[PDB]
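Architecture and fold: a report
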Amino acid sequence: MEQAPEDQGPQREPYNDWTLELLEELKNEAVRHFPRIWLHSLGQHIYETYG
């Protein structure tokens, strides 16, 4: 074993020493292609957040 374990199919598990780094990737992903992680996320929390 020398890789991030899927665990019951493709499923998140950020705890591992592998994913300690793949977390680094994931957050990198969340600060690379992140405009609509602000804009469609808000677009969503406006549309859904009616009142």
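Residues numbered from 1 in each chain as written, not as in the entry; some residues may be left out. Heavy atoms only, no water.

Method of determination for the deposited model, per the PDB record: solution NMR.

Going by the annotation in the PDB entry, the name recorded for the protein chain is PROTEIN (HIV-1 REGULATORY PROTEIN N-TERMINAL DOMAIN VPR). Within the Protein Data Bank, this record goes by the title "NMR STRUCTURE OF THE (1-51) N-TERMINAL DOMAIN OF THE HIV-1 REGULATORY PROTEIN". For the record of the protein chain, the UniProt heading Sequence similarities holds the text "Belongs to the HIV-1 VPR protein family." (UniProt positions renumbered as here; feature names shortened; annotations may be inferred.)

1. As for the side chain of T19
Following the sequence through the fold, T19 ends up in helix α1 (residues 17–29). Of the polar contacts made by the side chain of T19, one reaches the backbone oxygen of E13; its length is 2.9 Å. With residues up to four places along the chain from it excluded, the contact list for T19 reads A4, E13 and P14. (Helix = DSSP H or I, 4+ residues; strand = E, 2+ residues; numbered from the N terminus. Polar contact = N/O pair within 3.5 Å; in protein donor to acceptor, adjacent residues only side chain to side chain. Contact = heavy atoms within 4.5 Å.)

2. Things to note about a negative patch on the surface
A cluster of acidic side chains, namely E21, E24, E25 and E29, defines a negative patch on the protein surface. Along the polypeptide, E24 turns up in helix α1. (Patch = residues over 30% accessible without salt bridge, like charges linked within 9 Å, V, L, I, M, F, W, Y side chains within 5 Å. Areas by Shrake-Rupley, 256 points an atom, 1.4 Å probe, with all protein chains shown as cover. Salt bridge = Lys/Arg side-chain N within 4 Å of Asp/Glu carboxyl O. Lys, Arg positive; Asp, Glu negative; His and termini not counted. Charge placed at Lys NZ, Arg CZ, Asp CG, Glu CD.)

3. Some details on the side chain of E13
Position of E13 relative to the elements: it lies in the segment before α1. Buried and unpaired, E13 has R12 as its nearest opposite-charge partner, separated by 6.8 Å. Once residues within four sequence positions are removed from consideration, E13 is found in contact with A4, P5, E6, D7 and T19. (Buried < 20%, exposed > 50% of the residue type's maximum accessible area, 1.4 Å probe, protein only.)

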